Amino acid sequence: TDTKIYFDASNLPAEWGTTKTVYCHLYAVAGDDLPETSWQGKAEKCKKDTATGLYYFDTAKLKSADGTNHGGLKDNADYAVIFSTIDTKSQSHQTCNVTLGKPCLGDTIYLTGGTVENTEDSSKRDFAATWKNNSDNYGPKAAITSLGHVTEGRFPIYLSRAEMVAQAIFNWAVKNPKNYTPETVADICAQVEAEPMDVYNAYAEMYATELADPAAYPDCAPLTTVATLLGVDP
């Protein structure tokens, strides 16, 4: 019945300093059109439970694009969540990505110890975190990073391995070509168990609209680049 998820901000590492504000970055990976919230913006702000000291975020208050209530998490969808803070020195801290499903509603994310490569920023490591009661089926989300590394954790159910690699190439091949080399893309395929030609076909279908208008979408690698990175001849 509880549509809230909770964050244990007690006994944080010294690096986190004194928590001032807590934020929840909850997003769909596959099977939902959930709008993404601005990182550490108003829509992400978590309330403090003054009784328990836990912070919480109500998934029942997630908004759709038309500003109405989204009607909660969907059953046949992959979600991921990050809890973050701004400390009394205005410095940001965050958990890694943790997989999220309906069984996790009413449960608490806590820091496990250890850090992991930030997905966006090679200068940063996030803090390993998982669910208190749902770690059997949910936990750290395996992510393809800005460097083309595949982080520790679980893979999605409703996003194919080929689609995951296609999305990484779409995200990073133009932005970070010194990392997104043919060697790196071969390594990604090996780590996520995707067939390169499946990645090429997935990319071509997924990003057809952007591929048709390079002038408008310059961060979308053209098919010729994607074929070269995957070592395939289409």
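Sequential numbering from 1, following the sequence displayed.
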Between the two ranges 211 to 219 and 20 to 28, the one averaging a larger CA B factor in the entry: 211 to 219
Could you check the entry and say whether 144 to 152 or 88 to 96 has the higher mean CA B-factor? 88 to 96
Would you mind checking which of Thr112, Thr108, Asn76, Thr115 has the top Cα temperature factor in the PDB entry? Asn76
Comparing against every modelled residue in the chain, figure out the third that the C-alpha B-factor of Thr181 lands in (lowest, middle or highest). middle
If you rank every modelled residue in this chain by C-alpha B factor, which third holds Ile82: lowest, middle or highest? lowest
Considering only modelled residues of the same chain, in which third does the CA B-factor of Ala168 rank: lowest, middle or highest? lowest
With respect to C-alpha B-factor, does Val232 fall in the lowest, middle or highest third of the chain as deposited? highest
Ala194 by Cα B-factor - lowest, middle or highest third of the modelled chain: highest
